[PDB]
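I have placed the structure first, in the form of structure tokens, so that the comments after it can refer back to it.
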Amino acid sequence: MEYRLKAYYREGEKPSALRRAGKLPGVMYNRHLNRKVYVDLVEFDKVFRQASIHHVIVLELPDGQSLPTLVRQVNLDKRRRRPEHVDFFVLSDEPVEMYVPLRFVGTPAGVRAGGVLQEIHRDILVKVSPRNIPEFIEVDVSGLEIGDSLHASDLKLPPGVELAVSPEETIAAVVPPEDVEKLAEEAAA
Amino acid sequence: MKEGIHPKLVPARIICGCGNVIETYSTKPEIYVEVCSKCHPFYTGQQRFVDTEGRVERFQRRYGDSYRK
Amino acid sequence: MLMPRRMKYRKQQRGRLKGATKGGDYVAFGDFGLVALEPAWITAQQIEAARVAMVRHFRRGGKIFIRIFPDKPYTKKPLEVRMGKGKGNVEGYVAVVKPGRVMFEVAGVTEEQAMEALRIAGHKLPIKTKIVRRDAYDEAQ
Amino acid sequence: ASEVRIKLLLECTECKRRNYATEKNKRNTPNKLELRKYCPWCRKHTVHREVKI
Amino acid sequence: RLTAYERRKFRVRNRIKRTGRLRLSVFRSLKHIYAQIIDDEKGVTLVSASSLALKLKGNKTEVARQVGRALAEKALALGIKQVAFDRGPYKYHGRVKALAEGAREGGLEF
Amino acid sequence: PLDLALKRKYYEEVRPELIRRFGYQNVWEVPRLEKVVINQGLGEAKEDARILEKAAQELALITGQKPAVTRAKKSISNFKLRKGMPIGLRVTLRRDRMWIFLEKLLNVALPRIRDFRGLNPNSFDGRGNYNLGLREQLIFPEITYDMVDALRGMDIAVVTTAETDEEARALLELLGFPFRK
RNA sequence: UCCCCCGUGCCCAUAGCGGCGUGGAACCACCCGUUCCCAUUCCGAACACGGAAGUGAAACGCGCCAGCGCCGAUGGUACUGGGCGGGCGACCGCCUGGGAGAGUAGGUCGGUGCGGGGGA
RNA sequence: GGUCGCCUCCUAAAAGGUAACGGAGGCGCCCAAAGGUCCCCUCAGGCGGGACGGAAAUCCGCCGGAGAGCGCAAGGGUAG
RNA sequence: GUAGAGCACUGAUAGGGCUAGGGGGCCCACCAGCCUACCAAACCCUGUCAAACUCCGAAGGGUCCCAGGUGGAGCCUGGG
Ligand SMILES: [Mg+2]
Ligand SMILES: [Mg+2]
Ligand SMILES: [Mg+2]
Ligand SMILES: [Mg+2]
Ligand SMILES: [Mg+2]
Ligand SMILES: [Mg+2]
Ligand SMILES: [Mg+2]
Ligand SMILES: [Mg+2]
Ligand SMILES: [Mg+2]
Ligand SMILES: [Mg+2]
Ligand SMILES: [Mg+2]
Ligand SMILES: [Mg+2]
Ligand SMILES: [Mg+2]
Ligand SMILES: [Mg+2]
Ligand SMILES: [Mg+2]
Ligand SMILES: [Mg+2]
Ligand SMILES: [Mg+2]
Ligand SMILES: [Mg+2]
Ligand SMILES: [Mg+2]
Ligand SMILES: [Mg+2]
Ligand SMILES: [Mg+2]
Ligand SMILES: [Mg+2]
Ligand SMILES: [Mg+2]
Ligand SMILES: [Mg+2]
Ligand SMILES: [Mg+2]
Ligand SMILES: [Mg+2]
Ligand SMILES: [Mg+2]
Ligand SMILES: [Mg+2]
Ligand SMILES: [Mg+2]
Ligand SMILES: [Mg+2]
Ligand SMILES: [Mg+2]
Ligand SMILES: [Mg+2]
Ligand SMILES: [Mg+2]
Ligand SMILES: [Mg+2]
Ligand SMILES: [Mg+2]
Ligand SMILES: [Mg+2]
Ligand SMILES: [Mg+2]
Ligand SMILES: [Mg+2]
Ligand SMILES: [Mg+2]
Ligand SMILES: [Mg+2]
Ligand SMILES: [Mg+2]
Ligand SMILES: [Mg+2]
Ligand SMILES: [Mg+2]
Ligand SMILES: [Mg+2]
Ligand SMILES: [Mg+2]
Ligand SMILES: [Mg+2]
Ligand SMILES: [Mg+2]
Ligand SMILES: [Zn+2]
Ligand SMILES: [Zn+2]
């Protein structure tokens, strides 16, 4: 719902060492502050799997100051597909833009027609104050046939929240399966 | 104007079919039309004239229903 | 097969392959993807080979996504000809692949079932591979 | 040059000595050339014409 | 995006600017006509003689001829002889022409 | 600049009904004519015979002005065009010459066509203008019959400071346009 | 000496697009006419002269905000000059100065220099 | 068998230069206007309108910084 | 103007939305219904590839000024 995580400080000491030290490098910032931080890879993992860019992160500091945060961008090392640096957006009252999950619910007709659900977005951009940052947004996908698609505009949108991206953007859809029946004349031409 | 290529438009009258002396400034000293604005099956009302029908369909041809009804 | 239906030039240079991948480093459509661990030239005949494999594994079902597309022309001199007198001829096409790239990812099927149809998929592939799970990290870019 | 494009020496008039030479087309404009050309010989400007090269 | 008006400016403007010699810009509205001598290096004005400051009136062209002659006196007394003529996006003719012929006869040099 | 009765009709009748209609504030923003470009795009004297201007003399007798030609933009095999051939004519009518032309078409020429039935109303521009065309040429008896030859017509735009097609109609209708609908 | 307009540069979109308002006192624009000088491959549209009834609707001047455009760090990574290393090979990694592009946080409806005019 | 001189781009590793029977294309002309200058105009294109007349003949409207054009190939350049 | 990186331009490109055209329906076959688990331009989204694509861009390299630099350095005229 809203997670706390230990944190500390980076003066300038080598990122490469901190990394092999097992402590992840990081940064936190807003519009008034910028601070080099470092967290803890193990602990960070614990939280971030539950949290992602969706829920709230409370950064606990050595000085004992707590901080309301959203992860802004995570850097991944390519060869490994593993953490190497996070941005921590500390929130003021101002309705920061951010991504909240979507909950697809109600099995579509196409999925009972042996189709599949191509949920393109698992999140959604919104302007919304910290005082009411939502979670599961309702999506009623029960009634979409194969090939049919529901867009962006047609959505619950819990009042006090702004559809901060395109109206006719496409959130999810339903496509045909994969017949080996396809494979036949797939070959022909 | 760049003179030496333009037809000198004197004062002139367009004397029409029924009434209407469409007095103008014409390129000819006197031109003559036979149809005018005022009189037209469009300008002034729907206008009857000849246009009333052609093959009246059908009961409006009258004397229909000779038996008992 | 998979020719790029049209192209700006025909014969392409060879090129090195230094280092780690550029992009394609996160799942994006499926819920499980197949990951390259070593550089390669994957071929139109391999991509096709691996694809067909899974399709025939969960017959009628799933949605296969394919993230690398063979655009580079594999060139080769005929047999019993010596060095020079033109540059080789084109036979087949390939897709450059560095380590970290995703190549296949499937969406919507039993966790067991994807974990096979991507396992079998790897054996049709000329390299080392690891199957991966869609991720908070993955949705984080 | 070729054959439709002829080469030519610009002739003269006010002293009849030639002093220039250039190019022209005889399938385009099939006449005799025309340019003003000061001469080092007469020390005056003169209208010139042509003859083959 | 541009109007033919401002293109003509730049055009006529650009050339003259390349020859280094001083610049007698000629501005002209339906009411009055103005002018000012400019060194374009430092980017400064040497002397400005206008129809409005001179408070002249009585036919637009003949108005200007004086304002031109006015500019020459107010500059000769300063040391300028060499100055090339900017005719704005206006055809050199009549009104602008007058300003020139005035500056010309006043002893100014172009 | 000339005593024409349509110039005076626009003022002493058409101007006000418009201010009472769309309730204007300022006086200039009231809809008003601009030009009548008449395009006699013949396309039939290209590398075809002389005689092209044999209409651009009757075209002068209509419009009071001398028409100036239009050339071939680009070459087309299907039309027989080389980039430079003349195909059509165009006169731009500004000031009082513009008026006096309409003071003859709108109430003498438009009815001189057989099977006439008003004007097409969908054909308004979108930013306040309107146009159509015509085929018959002696539709104004300034062009008398024994000037007989092959009949050709004209494309005609009329240009106004109207800001939408809506109000625009109100102008052209108020200055005598029979509309088919 | 602050303010406002007009001219004209310098800067190179943080200046622009679009939007809301707006100013005719003076300047400026539209504007009045087409006799004259000048002009239209047709037209006083432009360019041109002669003026001054109207109007700031257009254009323009000035204000307003971030829909677009645009500028956009810090942290980190890529790559890398120099120097080394373990692999049978493919390729990887280490010290050392250098260090992006994308992207995030954000910035912006300008800043100005001489001349002229006009009220503090 | 192919090639042989000149031009454009790439190879060429951010000055120049750089090989191969390396990947690609052009030249052996043309113009008394396509040259000089002084003057004026601004595109390709897209949407609406447009008697013939169309995907595009000529026309009108907003739209647009250069994606058109600049004799021919390509590159750089180019509406200030 | 390279490595990187990027997609603003020339092109490639896989899924999705939109959507001219095209095809299968089929209503019907005079024009017209506009319906399509089929194809598919231009466009929008996610996601990518390029020696002859670059909105961007390193380290580096070139070179001129200043300073260090007395070296089997350097510079000019000549003989082998
Ligand atoms: Mg570092
Ligand atoms: Mg949880
Ligand atoms: Mg790495
Ligand atoms: Mg449907
Ligand atoms: Mg009478
Ligand atoms: Mg192998
Ligand atoms: Mg000689
Ligand atoms: Mg300056
Ligand atoms: Mg009069
Ligand atoms: Mg045209
Ligand atoms: Mg400067
Ligand atoms: Mg606004
Ligand atoms: Mg306002
Ligand atoms: Mg208001
Ligand atoms: Mg106002
Ligand atoms: Mg006012
Ligand atoms: Mg002219
Ligand atoms: Mg002109
Ligand atoms: Mg301000
Ligand atoms: Mg707003
Ligand atoms: Mg913005
Ligand atoms: Mg940095
Ligand atoms: Mg490194
Ligand atoms: Mg060095
Ligand atoms: Mg080294
Ligand atoms: Mg190793
Ligand atoms: Mg902001
Ligand atoms: Mg503004
Ligand atoms: Mg005042
Ligand atoms: Mg050199
Ligand atoms: Mg010439
Ligand atoms: Mg023009
Ligand atoms: Mg065009
Ligand atoms: Mg037409
Ligand atoms: Mg057409
Ligand atoms: Mg070029
Ligand atoms: Mg396809
Ligand atoms: Mg059909
Ligand atoms: Mg339907
Ligand atoms: Mg449908
Ligand atoms: Mg597209
Ligand atoms: Mg690549
Ligand atoms: Mg490159
Ligand atoms: Mg660039
Ligand atoms: Mg450098
Ligand atoms: Mg040098
Ligand atoms: Mg020696
Ligand atoms: Zn009558
Ligand atoms: Zn001589």
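Following the order of the structure tokens, chains are lettered A, B, ..., residues in each are numbered from 1, and ligands are numbered from 1.
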**Prompt:** If you count only C-alpha atoms (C1' of nucleotides) and all ligand atoms, which residues end up within 12 Å of ligand 46, as a PyMOL selection string?
**Reply:** (chain H and resi 15-16) or (chain I and resi 62-64)
Residues as selected, N, CA and C atoms (P, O5', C5', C4', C3', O3' and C1' of nucleotides), written as a PDB file, in the first residue's frame, can you do that?
```pdb
ATOM      1  P     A H  15      39.762  13.155 -38.357  1.00  0.00           P
ATOM      2  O5'   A H  15      40.098  14.622 -38.823  1.00  0.00           O
ATOM      3  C5'   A H  15      39.111  15.391 -39.470  1.00  0.00           C
ATOM      4  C4'   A H  15      39.741  16.581 -40.113  1.00  0.00           C
ATOM      5  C3'   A H  15      40.364  16.307 -41.467  1.00  0.00           C
ATOM      6  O3'   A H  15      39.423  16.392 -42.524  1.00  0.00           O
ATOM      7  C1'   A H  15      41.938  17.386 -40.088  1.00  0.00           C
ATOM      8  P     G H  16      39.240  15.175 -43.544  1.00  0.00           P
ATOM      9  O5'   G H  16      40.521  15.273 -44.460  1.00  0.00           O
ATOM     10  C5'   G H  16      40.772  16.439 -45.224  1.00  0.00           C
ATOM     11  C4'   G H  16      42.218  16.512 -45.672  1.00  0.00           C
ATOM     12  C3'   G H  16      42.722  15.382 -46.551  1.00  0.00           C
ATOM     13  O3'   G H  16      42.353  15.526 -47.905  1.00  0.00           O
ATOM     14  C1'   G H  16      44.290  15.792 -44.850  1.00  0.00           C
TER      15        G H  16
ATOM     16  P     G I  62      47.943  14.597 -34.221  1.00  0.00           P
ATOM     17  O5'   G I  62      47.328  15.765 -35.118  1.00  0.00           O
ATOM     18  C5'   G I  62      47.157  15.545 -36.510  1.00  0.00           C
ATOM     19  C4'   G I  62      46.379  16.627 -37.214  1.00  0.00           C
ATOM     20  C3'   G I  62      46.961  18.022 -37.173  1.00  0.00           C
ATOM     21  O3'   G I  62      48.042  18.205 -38.056  1.00  0.00           O
ATOM     22  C1'   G I  62      44.659  18.148 -36.726  1.00  0.00           C
ATOM     23  P     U I  63      49.433  18.742 -37.473  1.00  0.00           P
ATOM     24  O5'   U I  63      49.238  20.317 -37.421  1.00  0.00           O
ATOM     25  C5'   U I  63      48.770  21.024 -38.559  1.00  0.00           C
ATOM     26  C4'   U I  63      47.988  22.249 -38.159  1.00  0.00           C
ATOM     27  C3'   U I  63      48.737  23.298 -37.347  1.00  0.00           C
ATOM     28  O3'   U I  63      49.572  24.143 -38.137  1.00  0.00           O
ATOM     29  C1'   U I  63      46.619  22.896 -36.373  1.00  0.00           C
ATOM     30  P     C I  64      50.998  24.655 -37.574  1.00  0.00           P
ATOM     31  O5'   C I  64      50.675  26.010 -36.780  1.00  0.00           O
ATOM     32  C5'   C I  64      50.456  27.244 -37.461  1.00  0.00           C
ATOM     33  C4'   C I  64      49.717  28.260 -36.614  1.00  0.00           C
ATOM     34  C3'   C I  64      50.404  28.705 -35.338  1.00  0.00           C
ATOM     35  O3'   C I  64      51.401  29.668 -35.554  1.00  0.00           O
ATOM     36  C1'   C I  64      48.164  28.206 -34.856  1.00  0.00           C
TER      37        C I  64
END
```
Contact check, chain C to chain A, at most 6 Å, counting only C-alpha atoms, closest pairs as a Markdown table:
```
| residue | atom | partner | partner_atom | distance |
| --- | --- | --- | --- | --- |
| C:20 | CA | A:79 | CA | 6.0 |
| C:56 | CA | A:180 | CA | 5.7 |
| C:59 | CA | A:180 | CA | 5.5 |
| C:60 | CA | A:179 | CA | 4.1 |
| C:61 | CA | A:177 | CA | 4.6 |
| C:62 | CA | A:177 | CA | 5.7 |
| C:99 | CA | A:79 | CA | 5.8 |
| C:100 | CA | A:79 | CA | 5.1 |
| C:136 | CA | A:52 | CA | 5.3 |
```
Writing out the chosen residues with N, CA, C and O atoms as a PDB file, in the first residue's frame:
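Written file, out-v8.pdb:
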```pdb
ATOM      1  N   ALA C  20      27.947  -5.190 -25.524  1.00  0.00           N
ATOM      2  CA  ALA C  20      26.606  -5.510 -25.031  1.00  0.00           C
ATOM      3  C   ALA C  20      25.504  -4.850 -25.856  1.00  0.00           C
ATOM      4  O   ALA C  20      25.739  -3.821 -26.498  1.00  0.00           O
ATOM      5  N   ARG C  56       3.560 -25.185 -32.542  1.00  0.00           N
ATOM      6  CA  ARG C  56       3.156 -26.583 -32.544  1.00  0.00           C
ATOM      7  C   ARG C  56       3.200 -27.166 -31.126  1.00  0.00           C
ATOM      8  O   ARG C  56       2.806 -28.313 -30.910  1.00  0.00           O
ATOM      9  N   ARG C  59      -0.521 -25.908 -29.541  1.00  0.00           N
ATOM     10  CA  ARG C  59      -1.441 -25.870 -30.684  1.00  0.00           C
ATOM     11  C   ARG C  59      -2.760 -25.202 -30.344  1.00  0.00           C
ATOM     12  O   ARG C  59      -3.370 -25.517 -29.312  1.00  0.00           O
ATOM     13  N   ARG C  60      -3.191 -24.278 -31.199  1.00  0.00           N
ATOM     14  CA  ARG C  60      -4.353 -23.426 -30.902  1.00  0.00           C
ATOM     15  C   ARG C  60      -4.261 -22.771 -29.513  1.00  0.00           C
ATOM     16  O   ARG C  60      -4.712 -23.342 -28.511  1.00  0.00           O
ATOM     17  N   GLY C  61      -3.666 -21.579 -29.460  1.00  0.00           N
ATOM     18  CA  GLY C  61      -3.489 -20.877 -28.200  1.00  0.00           C
ATOM     19  C   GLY C  61      -2.338 -19.892 -28.241  1.00  0.00           C
ATOM     20  O   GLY C  61      -1.638 -19.795 -29.239  1.00  0.00           O
ATOM     21  N   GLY C  62      -2.159 -19.151 -27.152  1.00  0.00           N
ATOM     22  CA  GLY C  62      -1.047 -18.231 -27.004  1.00  0.00           C
ATOM     23  C   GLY C  62      -0.949 -17.170 -28.076  1.00  0.00           C
ATOM     24  O   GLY C  62      -1.654 -17.211 -29.083  1.00  0.00           O
ATOM     25  N   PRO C  99      24.275  -9.815 -26.516  1.00  0.00           N
ATOM     26  CA  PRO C  99      23.688 -10.451 -25.329  1.00  0.00           C
ATOM     27  C   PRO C  99      22.731  -9.531 -24.548  1.00  0.00           C
ATOM     28  O   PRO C  99      23.060  -8.376 -24.250  1.00  0.00           O
ATOM     29  N   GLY C 100      21.550 -10.043 -24.209  1.00  0.00           N
ATOM     30  CA  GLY C 100      20.570  -9.252 -23.485  1.00  0.00           C
ATOM     31  C   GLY C 100      19.294  -9.016 -24.270  1.00  0.00           C
ATOM     32  O   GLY C 100      18.219  -8.790 -23.695  1.00  0.00           O
ATOM     33  N   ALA C 136       8.458  -6.062 -12.623  1.00  0.00           N
ATOM     34  CA  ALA C 136       8.333  -4.705 -12.124  1.00  0.00           C
ATOM     35  C   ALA C 136       9.389  -3.839 -12.804  1.00  0.00           C
ATOM     36  O   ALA C 136       9.091  -2.755 -13.314  1.00  0.00           O
TER      37      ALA C 136
END
```
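Using only C-alpha atoms (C1' of nucleotides) and all ligand atoms, residues with at least one atom at most 12 Å away from any atom of ligand 40 are residues 147, 148 and 149 of chain A; 19, 34, 35 and 36 of chain I.
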**Item:** Within 10 Å of ligand 37 (only C-alpha atoms (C1' of nucleotides) and all ligand atoms), residues as a ChimeraX atom specification
**Value:** /I:13-15,39-40
Write the residues you've just listed into a file as a PDB file, in the first residue's frame, and include N, CA, C and O atoms (P, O5', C5', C4', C3', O3' and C1' of nucleotides) for each of them.
```pdb
ATOM      1  P     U I  13      10.050  -3.997 -44.687  1.00  0.00           P
ATOM      2  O5'   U I  13       9.787  -4.214 -43.142  1.00  0.00           O
ATOM      3  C5'   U I  13      10.569  -5.166 -42.447  1.00  0.00           C
ATOM      4  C4'   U I  13      10.554  -4.923 -40.968  1.00  0.00           C
ATOM      5  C3'   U I  13       9.182  -4.862 -40.345  1.00  0.00           C
ATOM      6  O3'   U I  13       8.661  -6.152 -40.106  1.00  0.00           O
ATOM      7  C1'   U I  13      10.474  -3.047 -39.581  1.00  0.00           C
ATOM      8  P     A I  14       7.367  -6.644 -40.906  1.00  0.00           P
ATOM      9  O5'   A I  14       6.635  -7.572 -39.844  1.00  0.00           O
ATOM     10  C5'   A I  14       7.386  -8.471 -39.050  1.00  0.00           C
ATOM     11  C4'   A I  14       7.082  -8.324 -37.584  1.00  0.00           C
ATOM     12  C3'   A I  14       5.643  -8.037 -37.203  1.00  0.00           C
ATOM     13  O3'   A I  14       4.776  -9.136 -37.285  1.00  0.00           O
ATOM     14  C1'   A I  14       7.053  -6.671 -35.935  1.00  0.00           C
ATOM     15  P     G I  15       3.213  -8.836 -37.432  1.00  0.00           P
ATOM     16  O5'   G I  15       2.771  -8.271 -36.001  1.00  0.00           O
ATOM     17  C5'   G I  15       1.943  -9.029 -35.120  1.00  0.00           C
ATOM     18  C4'   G I  15       1.651  -8.290 -33.831  1.00  0.00           C
ATOM     19  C3'   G I  15       0.456  -7.355 -33.847  1.00  0.00           C
ATOM     20  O3'   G I  15      -0.784  -8.010 -33.691  1.00  0.00           O
ATOM     21  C1'   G I  15       2.285  -6.214 -32.930  1.00  0.00           C
ATOM     22  P     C I  39      -5.216 -10.638 -43.080  1.00  0.00           P
ATOM     23  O5'   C I  39      -4.887  -9.856 -44.435  1.00  0.00           O
ATOM     24  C5'   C I  39      -4.349 -10.542 -45.559  1.00  0.00           C
ATOM     25  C4'   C I  39      -4.205  -9.620 -46.741  1.00  0.00           C
ATOM     26  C3'   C I  39      -3.484  -8.310 -46.468  1.00  0.00           C
ATOM     27  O3'   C I  39      -2.079  -8.461 -46.576  1.00  0.00           O
ATOM     28  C1'   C I  39      -5.472  -7.917 -47.729  1.00  0.00           C
ATOM     29  P     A I  40      -1.077  -7.563 -45.702  1.00  0.00           P
ATOM     30  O5'   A I  40      -1.542  -6.061 -45.997  1.00  0.00           O
ATOM     31  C5'   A I  40      -1.087  -5.378 -47.161  1.00  0.00           C
ATOM     32  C4'   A I  40      -1.881  -4.121 -47.449  1.00  0.00           C
ATOM     33  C3'   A I  40      -1.707  -2.961 -46.478  1.00  0.00           C
ATOM     34  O3'   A I  40      -0.525  -2.216 -46.710  1.00  0.00           O
ATOM     35  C1'   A I  40      -4.000  -3.275 -46.910  1.00  0.00           C
TER      36        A I  40
END
```
Using only C-alpha atoms (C1' of nucleotides), find each residue of chain I with at least one atom at most 8 Å away from an atom of chain C; report its shortest atom-to-atom pair and that distance in Å (one decimal), sort the rows by chain and rising residue number, and return the result as a Markdown table.
```
| residue | atom | partner | partner_atom | distance |
| --- | --- | --- | --- | --- |
| I:11 | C1' | C:8 | CA | 6.0 |
| I:12 | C1' | C:7 | CA | 6.7 |
| I:13 | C1' | C:69 | CA | 7.3 |
| I:14 | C1' | C:67 | CA | 6.7 |
| I:15 | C1' | C:65 | CA | 7.4 |
| I:46 | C1' | C:28 | CA | 7.9 |
| I:47 | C1' | C:67 | CA | 7.5 |
| I:48 | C1' | C:67 | CA | 7.3 |
| I:49 | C1' | C:71 | CA | 7.0 |
| I:51 | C1' | C:13 | CA | 6.8 |
```
**Message:** Would you pick out the contacts of residue 152 of chain A at 9 Å or less, using only C-alpha atoms (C1' of nucleotides), so that residues sharing its chain but fewer than 6 positions from it are not included, and give the list as a PyMOL selection string?
**Reply:** chain A and resi 163+165-172
**Asked** What residues in chain E get the DSSP label alpha helix (DSSP H)? Please answer as number ranges by chain.
**Response** E: 4-17, 60-76, 94-105
Using only C-alpha atoms (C1' of nucleotides) and all ligand atoms, which protein or nucleic acid residues are at most 10 Å from ligand 33, as a PDB file with N, CA, C and O atoms (P, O5', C5', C4', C3', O3' and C1' of nucleotides), in the first residue's frame?
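Final output, saved to pocket04.pdb:
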```pdb
ATOM      1  N   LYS F  73       1.370  24.237 -66.106  1.00  0.00           N
ATOM      2  CA  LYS F  73       2.208  23.974 -64.934  1.00  0.00           C
ATOM      3  C   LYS F  73       3.212  22.854 -65.225  1.00  0.00           C
ATOM      4  O   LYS F  73       4.428  23.066 -65.167  1.00  0.00           O
TER       5      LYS F  73
ATOM      6  P     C H  43       4.663  29.613 -52.875  1.00  0.00           P
ATOM      7  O5'   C H  43       4.832  28.356 -53.828  1.00  0.00           O
ATOM      8  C5'   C H  43       5.604  28.446 -55.012  1.00  0.00           C
ATOM      9  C4'   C H  43       6.681  27.392 -55.047  1.00  0.00           C
ATOM     10  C3'   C H  43       6.220  25.949 -54.995  1.00  0.00           C
ATOM     11  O3'   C H  43       5.737  25.463 -56.224  1.00  0.00           O
ATOM     12  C1'   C H  43       8.007  26.244 -53.511  1.00  0.00           C
ATOM     13  P     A H  44       4.613  24.327 -56.227  1.00  0.00           P
ATOM     14  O5'   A H  44       5.319  23.091 -55.536  1.00  0.00           O
ATOM     15  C5'   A H  44       5.857  22.051 -56.326  1.00  0.00           C
ATOM     16  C4'   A H  44       6.280  20.882 -55.480  1.00  0.00           C
ATOM     17  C3'   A H  44       5.173  19.988 -54.958  1.00  0.00           C
ATOM     18  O3'   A H  44       4.660  19.096 -55.926  1.00  0.00           O
ATOM     19  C1'   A H  44       6.702  20.437 -53.227  1.00  0.00           C
ATOM     20  P     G H  45       3.075  18.967 -56.104  1.00  0.00           P
ATOM     21  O5'   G H  45       2.569  18.584 -54.642  1.00  0.00           O
ATOM     22  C5'   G H  45       3.015  17.399 -54.001  1.00  0.00           C
ATOM     23  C4'   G H  45       2.928  17.517 -52.501  1.00  0.00           C
ATOM     24  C3'   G H  45       1.522  17.529 -51.931  1.00  0.00           C
ATOM     25  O3'   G H  45       0.909  16.256 -51.885  1.00  0.00           O
ATOM     26  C1'   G H  45       2.719  19.299 -50.974  1.00  0.00           C
ATOM     27  P     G H  46      -0.567  16.058 -52.502  1.00  0.00           P
ATOM     28  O5'   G H  46      -1.525  16.184 -51.222  1.00  0.00           O
ATOM     29  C5'   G H  46      -1.252  15.435 -50.043  1.00  0.00           C
ATOM     30  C4'   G H  46      -1.669  16.168 -48.797  1.00  0.00           C
ATOM     31  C3'   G H  46      -3.113  16.627 -48.760  1.00  0.00           C
ATOM     32  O3'   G H  46      -4.028  15.604 -48.459  1.00  0.00           O
ATOM     33  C1'   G H  46      -1.761  18.413 -48.129  1.00  0.00           C
TER      34        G H  46
END
```
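Minimum atom-to-atom distances from C:19, C:40, C:108, C:57 to ligand 23 were compared using only C-alpha atoms and all ligand atoms, and the lowest value belongs to C:19.
Remark: for chain G, the closest of the candidate residues F:138, F:69, F:148, F:49 is F:69 (distances computed over only C-alpha atoms (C1' of nucleotides)).
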Check every protein, DNA and RNA residue against ligand 15, keep those with an atom at most 8 Å away (counting only C-alpha atoms (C1' of nucleotides) and all ligand atoms), and present them as a PDB file with C-alpha atoms (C1' of nucleotides), in the first residue's frame.
```
ATOM      1  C1'   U G  22      -5.914  44.577 -25.752  1.00  0.00           C
ATOM      2  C1'   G G  23      -3.976  50.098 -27.394  1.00  0.00           C
ATOM      3  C1'   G G  56      -8.301  49.819 -34.701  1.00  0.00           C
TER       4        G G  56
END
```
**Request:** Taking the chain letters and numbering used in this document, name the residues of segment 1-65 of chain B that DSSP puts in strand (DSSP E or B), as a PyMOL selection string.
**Result:** chain B and resi 12-15+21-24
**Request:** Please extract the residues at most 9 Å from ligand 6, counting only C-alpha atoms (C1' of nucleotides) and all ligand atoms, and provide them as a list in words, using the chain letters and residue numbers of this document.
**Result:** residues 39, 40, 41, 125, 126 and 127 of chain C
